[PDB]
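Please read the structure below before turning to the comments.
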Amino acid sequence: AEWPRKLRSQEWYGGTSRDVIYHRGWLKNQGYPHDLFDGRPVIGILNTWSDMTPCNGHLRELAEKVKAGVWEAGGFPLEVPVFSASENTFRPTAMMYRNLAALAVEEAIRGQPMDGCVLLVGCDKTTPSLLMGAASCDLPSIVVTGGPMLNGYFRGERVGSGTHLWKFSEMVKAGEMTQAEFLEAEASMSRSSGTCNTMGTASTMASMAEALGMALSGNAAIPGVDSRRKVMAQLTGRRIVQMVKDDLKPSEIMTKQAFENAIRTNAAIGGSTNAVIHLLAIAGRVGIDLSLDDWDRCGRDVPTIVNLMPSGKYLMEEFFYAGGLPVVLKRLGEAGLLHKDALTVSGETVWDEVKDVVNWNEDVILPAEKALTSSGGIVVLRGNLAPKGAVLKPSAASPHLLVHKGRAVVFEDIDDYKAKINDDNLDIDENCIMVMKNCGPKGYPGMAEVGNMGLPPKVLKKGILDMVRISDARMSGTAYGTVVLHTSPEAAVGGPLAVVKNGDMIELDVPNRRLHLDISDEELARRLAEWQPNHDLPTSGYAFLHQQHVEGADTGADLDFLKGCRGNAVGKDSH
Amino acid sequence: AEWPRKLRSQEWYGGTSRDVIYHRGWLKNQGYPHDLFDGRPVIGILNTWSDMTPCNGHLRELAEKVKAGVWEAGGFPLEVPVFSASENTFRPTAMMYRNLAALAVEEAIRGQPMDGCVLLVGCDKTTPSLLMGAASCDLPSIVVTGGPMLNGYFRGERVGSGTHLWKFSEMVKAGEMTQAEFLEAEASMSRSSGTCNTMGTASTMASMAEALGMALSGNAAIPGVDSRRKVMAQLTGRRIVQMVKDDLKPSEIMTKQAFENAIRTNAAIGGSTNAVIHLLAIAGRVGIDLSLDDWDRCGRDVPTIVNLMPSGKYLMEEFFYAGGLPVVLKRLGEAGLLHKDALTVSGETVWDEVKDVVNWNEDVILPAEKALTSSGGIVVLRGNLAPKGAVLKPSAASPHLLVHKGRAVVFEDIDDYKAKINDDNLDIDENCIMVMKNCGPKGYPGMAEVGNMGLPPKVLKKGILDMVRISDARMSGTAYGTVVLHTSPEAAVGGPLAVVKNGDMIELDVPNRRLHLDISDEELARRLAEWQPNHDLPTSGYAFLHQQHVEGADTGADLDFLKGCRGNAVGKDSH
Amino acid sequence: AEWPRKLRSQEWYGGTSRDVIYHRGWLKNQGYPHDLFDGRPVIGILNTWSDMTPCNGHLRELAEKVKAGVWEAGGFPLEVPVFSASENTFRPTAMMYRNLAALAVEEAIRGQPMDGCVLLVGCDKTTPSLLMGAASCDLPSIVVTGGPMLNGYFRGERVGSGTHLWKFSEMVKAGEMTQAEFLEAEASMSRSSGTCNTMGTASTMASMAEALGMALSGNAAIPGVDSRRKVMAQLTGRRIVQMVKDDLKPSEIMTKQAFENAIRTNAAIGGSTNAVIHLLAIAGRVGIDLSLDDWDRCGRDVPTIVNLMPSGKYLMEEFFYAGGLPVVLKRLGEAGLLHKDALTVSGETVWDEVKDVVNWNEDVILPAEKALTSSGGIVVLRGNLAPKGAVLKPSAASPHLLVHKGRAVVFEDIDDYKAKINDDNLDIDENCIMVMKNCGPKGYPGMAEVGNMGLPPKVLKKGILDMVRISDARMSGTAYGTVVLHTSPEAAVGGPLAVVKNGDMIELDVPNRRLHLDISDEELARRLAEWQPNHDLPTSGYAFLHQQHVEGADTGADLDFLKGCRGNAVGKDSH
């Protein structure tokens, strides 16, 4: 657009109206000079900091750096704290509140006088929610990631916050670790401010925001306690004042090329399984028809070149010294797998920003021939047990179980699981297939991170660490093993997964992308008619709003009345 | 109950197991000693501070005082920012987002491991929302009002925040003031951190939070920049620890009698018309049968003894030095208009706290004989034109217009107001009735503060600043005049207000509580079945959800699915 | 003593009377409840934080943890910023202002109503100064070291803060590196908040503060950005309350034995040559007869078992994960080189705290056989050239140059160095001795870090990075080489170092402790009585006061009128 011009904040603060004197003089009570209401870009800094949100604990001092950058560039920074959904404190799960934060963030952008937004994000659900709310207003926006934690060291051993949680949870069931060790290692597993140090959900979405071009280059892997995270914060504050002037909207950046670049960036790093839902949700808010097919198309024939847990061996620290994500984006461009013309928040193309970077560690960002998997893209398993969709993370999955077929052990609820697994009075062998239902959106409710079902000790005691597992739930970004997620439609909405009976047989074949229940179509309609809903239904509250209006994980698990871009039209005067 | 006991927080941080090590160890990365997770109460400090809400600017500093007060009593203080909506920024109105805040404040209390809540409020819409949320969970809660601003002096003369905005707006249209003299005062009205220095919407709801017992005694009047507000916050942090141990829930405090004292106290202080809605809406979250009839009942024959603007002369400073609210409540106990037995968050009763207080200024807290107005309680006007209800502020109205009967001059919407009222040609005089429609919870939308309609400049120049104004909207607590408000139900829902037309006559009676449109009920009932809404409604978003599940002023303008205390019952585990 | 009792703070805030109401009521304006002045200990939190001292940048955040730790133990925390001098900013040197800080830190403890002191230190000159001040008052005190930086990685290779600055400076003069490759590393060396990540001047003095017992156990090694530094600070705030009640003064802790463990521990860690001066200077403020002879005595035949730079290989991170200082002190107790009886601020003994600790990395905390150097204690070299003293760092020197004897090449002042050393023509080879004068406490002035003289580029290009360097100055704890330092007394005070001239030969012997200039004592004693200072001295200011009352390295470079504990005896009342 053409600068100078009248910005949307001048409806509040510009003029000599009675309503303007009401809005301007009220903000002046905080000690702002008169010329800050002259039309210069007002920048809202959306901070998800909270003491109940420890992966955002350092985000408050980062807001100070953003403000300085906005001051230097001639803007007007204002800090706006928003709903902070974190999976390490919320219950039943932080996922049921992701759209609530997206709803709250949206109304906090449209109703308050801000011309541009800085998204201070960090934890799992912080990044997508603020991207859902900001994309629905289409104001110039930019992302500042909090950063990962430092490497957890326990007795001279590298420990990943998240992956080593499950790994030690089995070594006490299989009989190789005292719960004291599982407790003495608690204080050393998480020892800095930031999110997980594995390629978990927060580390994945931090990379997704950069591959989408919504964050400055290199924002993904800078540790939260690193100095260059504070430099990134102040330079982001400088630029958002320009993005408001040049009118650089999320619609102009998050294009179909950007969403595709993110899907391929997800395979190269071993991205979390949750990156599918969140990218599908953000797409619906912008206007891009991203189908779940686009994940299995762009994800295939793309190797995982990043050697980080859970799929690998190192943590987010070594990923940053090797060069970070810009090295991964160059390696995609070197293989003809990158939209080199995708515009970024910097005004440059994604290629122009990463074409001249160096890989400082080939043991971390591996060469292509030494990748963890020749095609580690998240696969989609269309079939009859999951007609709408089902996903699997191949990089962490066992190679021989990807083609497997066994006897179904069934759990109706998570309490069914959490009662029979520990009981040594069940027919369960290493070649079985655990199946849980009623854990999707409406099921759990909210869809929880319980897809990584723990194996029984009688299987773990032998020395077996992976079994095929199917659920309509999710799992942590730090999880591993052969696990099928997003089994849509879920059980608690009338899906074939709800009528899975014990003893039955399931076929798993990743190559042809088929998860099939070898049962005649005639026996479905009789199974699918004696099914009566079982999940806990809420009578009122926000759970009622979620329940009646949440969509399916094959479409982003959004809220049906929230999908799309509503715009940032300045509302009518408050007086 | 029995202390010691296991609180709801220990469901997160209690003992061993994998889920707890994921919860406790993830929070330890913010530098917390091990013993803080033993079982001592975890106190969530809900802070509505925001750079965008300047009536709350000093609350970060207040939060650190509450933190110190929780460390001293052996607690665990944690700050959790919540959604902040204030009338001085949000558009179209901050009332449309009141339920959104109550929605988020509810779900942040239930999902997160807080044993007790501290409600850091200040602005107009922050006191009810955090009560509509904390009561819907009924967890131990306490209020720390931010504080009002200092008195604004303009050229040596006293000036009220907001009150002198509607007073200088009309003085400009009457030729008695220049817009340039209005601009010069813009920076001298609001000169400290806090809310309006009158008995406005934010000063009223701070008083109710004390007459309801939901805050400490002597809490609604201390200026936000006074040092004794920081003492109030630090001691309010000590009490909530013992409150959690003793399980001092809002249901044990906000009784029908606790509300009864507030409705009467709203008369004695000259409170706003928005305390009606907010007390009606808050009542549902506690499960109490409040009503517009309970307001007229308990409010009738109670005089306003506080001489603050807009009803009187002085500002909130003089009120504080005069003694504050403890004098006004003691004035109602020595007069037999107060339930002295009601319990407060302090562990003592209302009378036990307001017993030995002195009135250090009879010019401010006036005695019975010199009282401002005979019957100062907010009145409720039943009638054919408002069968669901309508309210009026008696202490600020003109006594010669309470029983007026004149021509009706109609404005279809707010745009039909702000286009004709400043025309030289308009069939309106000093005796006409100003009626405006489509300004309710579904019409504006959000029920805005546009009730105090500015008179025609041709009527102001004669020398009169009061005409009967009838609207279905709200108006600020700083507003004045013979304006009947909350005309439930609004126009776009088929209320009989929608059928009024130019030339008609309206009866207004206050001691009889009769708001009457005298036409043939035939002519009425025809216009009802013949009227149609204008269509053009939102098809998605929160503005869509509001248009569907919201209600009317007679109830509390709440969302229908949100009433009722849903309890602090933890859901199920996250993993 | 007997708790409860009246502490020195009650002389200010005790009881009634006019002086007290002036003291107590004047502090209440910051929002403090009444009961905090009853008698509970007032804890002054001396914070050396400054935007100018980046090795202390995170101390404000640390101060708030100490505050929380004092509120919990029923104390009264108050933050008092003090003078901060760090080598990375001050000119001509931060040592010239060390006594100035100790002067101000002393007078802020005596004059102000603090019962106990918390010493928030971090940078090089902040640990001794706040000990030289807190001991001169001998009020209950405790140390909270800020913490070292994270390991800096440059192109995948490890890099030491400061150590790789003297290593890349010489590699540039030897043609083995470019100044542009030196500039690129500037931002990858220091990337977190803290001091040098080597065993530098600030990491050494943090270790001494723990071997002296003046800090909690496991306090010198935690990285400043590690979460467990915030736990260390919060618990250090609880202890000082009980420390004040029990009257646990530094005189009861910093015994001759407590110093004796530190002097030996300085060997085991590979400590700096500046721990000598700072322990010598600190000793006077406690009233203990330390000496350069006590250093050679207790340091002789103690090996450096810590493999950190500049003496070894790794950085301070590996030291922390290896176990830290508790392993190094336990290694001296199981070897019979430690007074296990010494008391610490924890209420337990050194052995009681370092008893059950594990060495999680024998490659870092090396065993006796693989130890770095045989006798690693700092040596003291008596002789005709240095009758008052001279020190050497054995673990960093070249073993083939400890017994060198070659030609002396003299530089009159530092300007006479930085003008000839980079000339193609200079009569110096690999066997000459580099001697530089006028760089002591009165010569430079301030005794700067210029001992590690950069070799001539014509000698570096042969492939040798070590030549015998003799100077009366200091050098950083990150420095390396066969450099004899602290050549007391300096030149401008008539030390025999002032008479050395080109062509002369110097004997250096370390196992015999002989630094010898072999000329006719006639030729010596003549040059003494014939030499004159250059005049041109300051005529006013603090640089004048320094030139008069300062001393030499053999004593502690203190101001003469400053030695001795003057007690916490309150003066007389202010009114």
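Scheme for the structure tokens: letters A, B, ... for chains in order shown; per-chain residue numbers from 1; ligand numbers from 1 in order shown.
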Restrict the distance test to only C-alpha atoms, flag each residue of chain B within 6 Å of chain A, and return the flagged residues as a PDB file with N, CA and C atoms, in the first residue's frame.
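Once everything was written out, this is selection23.pdb:
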```
ATOM      1  N   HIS B  23       4.174 -32.838  35.061  1.00  0.00           N
ATOM      2  CA  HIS B  23       3.591 -31.570  35.487  1.00  0.00           C
ATOM      3  C   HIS B  23       4.535 -30.800  36.400  1.00  0.00           C
ATOM      4  N   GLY B  25       7.964 -31.323  37.134  1.00  0.00           N
ATOM      5  CA  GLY B  25       9.272 -31.022  36.581  1.00  0.00           C
ATOM      6  C   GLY B  25       9.236 -29.986  35.475  1.00  0.00           C
ATOM      7  N   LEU B  27       7.339 -27.340  35.498  1.00  0.00           N
ATOM      8  CA  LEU B  27       7.251 -26.030  36.129  1.00  0.00           C
ATOM      9  C   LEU B  27       8.540 -25.666  36.854  1.00  0.00           C
ATOM     10  N   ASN B  29      11.417 -25.672  35.813  1.00  0.00           N
ATOM     11  CA  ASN B  29      12.358 -24.978  34.942  1.00  0.00           C
ATOM     12  C   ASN B  29      12.282 -23.464  35.080  1.00  0.00           C
ATOM     13  N   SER B  50      -3.129  -4.736  31.143  1.00  0.00           N
ATOM     14  CA  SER B  50      -2.816  -4.672  29.725  1.00  0.00           C
ATOM     15  C   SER B  50      -2.422  -3.242  29.390  1.00  0.00           C
ATOM     16  N   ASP B  51      -1.464  -3.094  28.473  1.00  0.00           N
ATOM     17  CA  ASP B  51      -1.136  -1.763  27.974  1.00  0.00           C
ATOM     18  C   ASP B  51      -2.332  -1.126  27.284  1.00  0.00           C
ATOM     19  N   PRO B  54      -5.845   1.164  30.093  1.00  0.00           N
ATOM     20  CA  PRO B  54      -5.090   2.069  30.973  1.00  0.00           C
ATOM     21  C   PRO B  54      -5.715   2.261  32.347  1.00  0.00           C
ATOM     22  N   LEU B  78       1.215 -17.619  41.762  1.00  0.00           N
ATOM     23  CA  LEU B  78       1.425 -17.723  40.324  1.00  0.00           C
ATOM     24  C   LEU B  78       0.517 -16.722  39.628  1.00  0.00           C
ATOM     25  N   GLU B  79       1.089 -15.931  38.723  1.00  0.00           N
ATOM     26  CA  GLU B  79       0.352 -14.888  38.023  1.00  0.00           C
ATOM     27  C   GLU B  79      -0.156 -15.415  36.687  1.00  0.00           C
ATOM     28  N   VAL B  80      -1.448 -15.223  36.434  1.00  0.00           N
ATOM     29  CA  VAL B  80      -2.085 -15.711  35.212  1.00  0.00           C
ATOM     30  C   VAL B  80      -2.868 -14.575  34.566  1.00  0.00           C
ATOM     31  N   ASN B  88     -12.839   2.045  27.213  1.00  0.00           N
ATOM     32  CA  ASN B  88     -12.041   3.102  26.608  1.00  0.00           C
ATOM     33  C   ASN B  88     -11.251   2.644  25.388  1.00  0.00           C
ATOM     34  N   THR B  89     -11.402   1.393  24.950  1.00  0.00           N
ATOM     35  CA  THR B  89     -10.661   0.921  23.785  1.00  0.00           C
ATOM     36  C   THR B  89     -11.511   0.063  22.857  1.00  0.00           C
ATOM     37  N   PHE B  90     -12.243  -0.895  23.418  1.00  0.00           N
ATOM     38  CA  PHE B  90     -12.904  -1.903  22.601  1.00  0.00           C
ATOM     39  C   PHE B  90     -14.041  -1.309  21.775  1.00  0.00           C
ATOM     40  N   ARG B  91     -14.248  -1.894  20.595  1.00  0.00           N
ATOM     41  CA  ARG B  91     -15.333  -1.563  19.688  1.00  0.00           C
ATOM     42  C   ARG B  91     -15.996  -2.848  19.214  1.00  0.00           C
ATOM     43  N   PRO B  92     -17.330  -2.855  19.037  1.00  0.00           N
ATOM     44  CA  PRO B  92     -18.251  -1.724  19.210  1.00  0.00           C
ATOM     45  C   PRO B  92     -18.499  -1.350  20.670  1.00  0.00           C
ATOM     46  N   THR B  93     -18.370  -2.315  21.575  1.00  0.00           N
ATOM     47  CA  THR B  93     -18.507  -2.038  22.997  1.00  0.00           C
ATOM     48  C   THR B  93     -17.778  -3.122  23.778  1.00  0.00           C
ATOM     49  N   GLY B 111      -9.055 -25.617  34.482  1.00  0.00           N
ATOM     50  CA  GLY B 111      -8.029 -26.435  33.859  1.00  0.00           C
ATOM     51  C   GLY B 111      -6.673 -26.336  34.526  1.00  0.00           C
ATOM     52  N   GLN B 112      -6.405 -25.225  35.227  1.00  0.00           N
ATOM     53  CA  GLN B 112      -5.046 -25.081  35.724  1.00  0.00           C
ATOM     54  C   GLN B 112      -4.976 -25.362  37.223  1.00  0.00           C
ATOM     55  N   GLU B 186      -7.968  17.684  27.728  1.00  0.00           N
ATOM     56  CA  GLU B 186      -7.890  16.244  27.498  1.00  0.00           C
ATOM     57  C   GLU B 186      -6.816  15.581  28.351  1.00  0.00           C
ATOM     58  N   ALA B 187      -5.710  16.277  28.615  1.00  0.00           N
ATOM     59  CA  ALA B 187      -4.602  15.702  29.366  1.00  0.00           C
ATOM     60  C   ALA B 187      -4.651  16.015  30.857  1.00  0.00           C
ATOM     61  N   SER B 190      -7.468  12.813  33.019  1.00  0.00           N
ATOM     62  CA  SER B 190      -6.921  11.516  33.407  1.00  0.00           C
ATOM     63  C   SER B 190      -5.413  11.677  33.560  1.00  0.00           C
ATOM     64  N   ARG B 191      -4.947  11.780  34.806  1.00  0.00           N
ATOM     65  CA  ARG B 191      -3.540  12.039  35.060  1.00  0.00           C
ATOM     66  C   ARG B 191      -2.877  11.026  35.987  1.00  0.00           C
ATOM     67  N   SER B 192      -3.566   9.954  36.372  1.00  0.00           N
ATOM     68  CA  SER B 192      -2.956   8.903  37.173  1.00  0.00           C
ATOM     69  C   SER B 192      -3.457   7.555  36.676  1.00  0.00           C
ATOM     70  N   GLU B 449     -22.939   2.105  25.373  1.00  0.00           N
ATOM     71  CA  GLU B 449     -23.216   3.245  26.245  1.00  0.00           C
ATOM     72  C   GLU B 449     -23.564   4.444  25.367  1.00  0.00           C
ATOM     73  N   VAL B 450     -24.816   4.478  24.914  1.00  0.00           N
ATOM     74  CA  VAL B 450     -25.296   5.567  24.070  1.00  0.00           C
ATOM     75  C   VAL B 450     -26.652   6.042  24.575  1.00  0.00           C
ATOM     76  N   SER B 540     -20.779 -15.914  10.749  1.00  0.00           N
ATOM     77  CA  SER B 540     -19.727 -16.686  11.402  1.00  0.00           C
ATOM     78  C   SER B 540     -19.062 -15.802  12.448  1.00  0.00           C
ATOM     79  N   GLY B 541     -18.230 -16.427  13.279  1.00  0.00           N
ATOM     80  CA  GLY B 541     -17.436 -15.707  14.255  1.00  0.00           C
ATOM     81  C   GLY B 541     -18.082 -15.637  15.623  1.00  0.00           C
ATOM     82  N   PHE B 561     -25.922 -20.605  27.591  1.00  0.00           N
ATOM     83  CA  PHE B 561     -25.278 -21.846  28.003  1.00  0.00           C
ATOM     84  C   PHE B 561     -24.248 -21.649  29.111  1.00  0.00           C
ATOM     85  N   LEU B 562     -24.155 -20.454  29.694  1.00  0.00           N
ATOM     86  CA  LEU B 562     -23.087 -20.138  30.632  1.00  0.00           C
ATOM     87  C   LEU B 562     -23.541 -20.020  32.080  1.00  0.00           C
ATOM     88  N   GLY B 571     -11.186 -32.389  35.363  1.00  0.00           N
ATOM     89  CA  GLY B 571     -11.540 -33.328  34.318  1.00  0.00           C
ATOM     90  C   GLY B 571     -10.805 -34.643  34.471  1.00  0.00           C
ATOM     91  N   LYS B 572     -10.214 -35.130  33.389  1.00  0.00           N
ATOM     92  CA  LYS B 572      -9.390 -36.327  33.434  1.00  0.00           C
ATOM     93  C   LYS B 572      -7.950 -35.966  33.099  1.00  0.00           C
ATOM     94  N   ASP B 573      -7.047 -36.898  33.390  1.00  0.00           N
ATOM     95  CA  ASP B 573      -5.624 -36.618  33.261  1.00  0.00           C
ATOM     96  C   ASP B 573      -5.255 -36.352  31.806  1.00  0.00           C
ATOM     97  N   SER B 574      -4.171 -35.600  31.618  1.00  0.00           N
ATOM     98  CA  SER B 574      -3.782 -35.158  30.286  1.00  0.00           C
ATOM     99  C   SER B 574      -3.019 -36.215  29.500  1.00  0.00           C
ATOM    100  N   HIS B 575      -2.500 -37.243  30.162  1.00  0.00           N
ATOM    101  CA  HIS B 575      -1.694 -38.252  29.485  1.00  0.00           C
ATOM    102  C   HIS B 575      -2.020 -39.656  29.979  1.00  0.00           C
TER     103      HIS B 575
END
```
Excluding stretch 197-205 of chain A and any residue of its chain fewer than 2 positions from it, enumerate the residues within 8 Å of it, using only C-alpha atoms, and give them as a ChimeraX atom specification. /A:122-125,127-128,147-151,160-163,195,207-209,220-221,266,269-272,274-275,308-310,314-317,476-478
Please produce a file of those selected residues containing C-alpha atoms, as a PDB file, in the first residue's frame.
```pdb
ATOM      1  CA  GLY A 122       6.276 -20.683  22.648  1.00  0.00           C
ATOM      2  CA  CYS A 123       4.377 -23.685  23.972  1.00  0.00           C
ATOM      3  CA  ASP A 124       2.559 -26.266  21.835  1.00  0.00           C
ATOM      4  CA  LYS A 125      -0.834 -24.556  21.498  1.00  0.00           C
ATOM      5  CA  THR A 127       1.777 -20.843  18.109  1.00  0.00           C
ATOM      6  CA  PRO A 128      -1.246 -22.119  16.105  1.00  0.00           C
ATOM      7  CA  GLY A 147      12.830 -20.996  22.080  1.00  0.00           C
ATOM      8  CA  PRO A 148      13.685 -24.498  23.261  1.00  0.00           C
ATOM      9  CA  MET A 149      15.203 -25.473  26.577  1.00  0.00           C
ATOM     10  CA  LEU A 150      18.836 -26.459  26.930  1.00  0.00           C
ATOM     11  CA  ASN A 151      19.918 -30.095  26.838  1.00  0.00           C
ATOM     12  CA  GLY A 160      15.347 -35.143  26.218  1.00  0.00           C
ATOM     13  CA  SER A 161      12.482 -33.396  27.992  1.00  0.00           C
ATOM     14  CA  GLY A 162       9.556 -35.488  26.790  1.00  0.00           C
ATOM     15  CA  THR A 163      11.033 -38.505  25.019  1.00  0.00           C
ATOM     16  CA  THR A 195       9.900 -25.416  25.480  1.00  0.00           C
ATOM     17  CA  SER A 207       9.781 -24.475  12.423  1.00  0.00           C
ATOM     18  CA  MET A 208       6.348 -24.363  10.774  1.00  0.00           C
ATOM     19  CA  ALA A 209       6.056 -20.621  11.410  1.00  0.00           C
ATOM     20  CA  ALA A 220      13.050 -21.627  15.019  1.00  0.00           C
ATOM     21  CA  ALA A 221      16.047 -23.087  16.841  1.00  0.00           C
ATOM     22  CA  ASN A 266       7.941 -31.207   8.489  1.00  0.00           C
ATOM     23  CA  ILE A 269      12.981 -32.472  10.539  1.00  0.00           C
ATOM     24  CA  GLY A 270      10.771 -35.329  11.726  1.00  0.00           C
ATOM     25  CA  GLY A 271       7.903 -32.993  12.548  1.00  0.00           C
ATOM     26  CA  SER A 272       5.277 -33.851  15.123  1.00  0.00           C
ATOM     27  CA  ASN A 274       0.097 -32.464  15.565  1.00  0.00           C
ATOM     28  CA  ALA A 275       1.521 -30.263  12.790  1.00  0.00           C
ATOM     29  CA  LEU A 308      17.063 -35.149  16.746  1.00  0.00           C
ATOM     30  CA  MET A 309      14.936 -37.005  19.264  1.00  0.00           C
ATOM     31  CA  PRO A 310      12.495 -38.701  19.264  1.00  0.00           C
ATOM     32  CA  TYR A 314      20.604 -35.178  19.584  1.00  0.00           C
ATOM     33  CA  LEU A 315      18.513 -32.272  20.912  1.00  0.00           C
ATOM     34  CA  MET A 316      17.561 -28.777  19.748  1.00  0.00           C
ATOM     35  CA  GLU A 317      20.892 -27.288  20.876  1.00  0.00           C
ATOM     36  CA  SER A 476       3.089 -35.795  22.251  1.00  0.00           C
ATOM     37  CA  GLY A 477       5.558 -34.485  19.699  1.00  0.00           C
ATOM     38  CA  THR A 478       8.212 -36.315  21.732  1.00  0.00           C
TER      39      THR A 478
END
```
Residue neighbourhood residue C:365, 9 Å, only C-alpha atoms, exclusion window fewer than 2 positions, as a list in words: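 Near neighbours after the sequence-gap exclusion: residues 269, 305, 306, 307, 319, 322, 323, 324, 327, 328, 359, 360, 361, 362, 363, 367 and 371 of chain C.
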Going by DSSP on the backbone, which residues of stretch 245-384 of chain A come out as strand (DSSP E or B)? List them as number ranges by chain. A: 306, 308, 314, 343, 349, 365, 379-380
Leaving out residue A:334 and any residue of its chain fewer than 4 positions from it, which residues lie within 12 Å of it when counting only C-alpha atoms, given as a PyMOL selection string? chain A and resi 327-330+338-340+351+354-356+367-368
For residue A:506, find every residue with an atom within 8 Å (counting only C-alpha atoms), except residues of its own chain fewer than 4 positions away, and show them as a list in words. residues 405, 406, 407, 408, 433, 515, 516, 517 and 518 of chain A
What's the 8 Å shell around stretch 458-473 of chain A, counting only C-alpha atoms, without same-chain residues fewer than 4 positions away, as a VMD selection string? chain A and resid 170 173 to 175 398 401 404 424 428 to 441 444 447 to 453 481 to 491 497
So which bits of stretch 405-508 of chain A end up alpha helix (DSSP H) when you DSSP the backbone, as a list in words? residues 414, 415, 416, 417, 418, 419, 420, 457, 458, 459 and 460 of chain A
